[PDB]
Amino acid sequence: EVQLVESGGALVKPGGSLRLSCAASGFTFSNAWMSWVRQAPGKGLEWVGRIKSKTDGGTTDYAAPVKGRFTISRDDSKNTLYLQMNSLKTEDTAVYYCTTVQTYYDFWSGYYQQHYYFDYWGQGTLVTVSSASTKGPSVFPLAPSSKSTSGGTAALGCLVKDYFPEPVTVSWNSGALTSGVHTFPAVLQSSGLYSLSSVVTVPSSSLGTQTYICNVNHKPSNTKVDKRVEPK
């Protein structure tokens, strides 16, 4: 029931600024301590910062590789958390998650230390700090032939080619069709652009009647493509 949705991930030049937002639902956001964590590509979790509730002073704390460049604010009336990032560097390129912070303390031990942890995490938004330029994707159909079926099932998909930067999400039939859907990780071509594919396995006896549409979402370019995969 507790849902945290990040937004704002886009391409930003080194030295630029960017404000990430996180919408919270399912809990009283006014009384919850909030935190930003980040994860660089292929590395570990790095705590970015934390902000308290107004009842506890509303104070803010940041990590050393962030002090003086990042700021964390909150709008309790809108149930929204904001992370402003200035003087960005290539090392800041990472996925940023908004987490809620809970506390725990012993009762029988006699000592009453407070141990904070991150129990609810959002899906994260990807910030890429590069001097390159954003490029929207070209979506092409990977239609199933009569020679490449798997008996009762047939794989049909969409190729998302020549886009930058990441990420790109793919759904099928506006999120309705989910049985047998797999979106492959992208590949970094020699031209610096990305390409991925997304397949869905469908009944072979459902190619002439049912219509299949792949929904490609590329936020860093504010682009959404709905490509109708037709049978051949």
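Numbering starts at 1 and follows the sequence shown.
In this crystal structure, the stretch out of 108-116 and 90-98 whose C-alpha atoms carry the higher mean B factor is 108-116. Per-stretch averaging of Cα B factors for 200-208 and 35-43 places 200-208 on top. Placement of the Cα temperature factor of residue 137 within the chain: lowest third of the modelled residues, per the deposited record. When the modelled residues of the chain are ordered by their C-alpha B factor, residue 12 lands in the middle third. Placement of the Cα temperature factor of residue 128 within the chain: lowest third of the modelled residues, per the deposited record.
Ranked by Cα temperature factor within the chain, residue 190 sits in the highest third according to the deposited record. Ranked within its chain, residue 155 lands in the middle third, by CA B factor from the PDB record.
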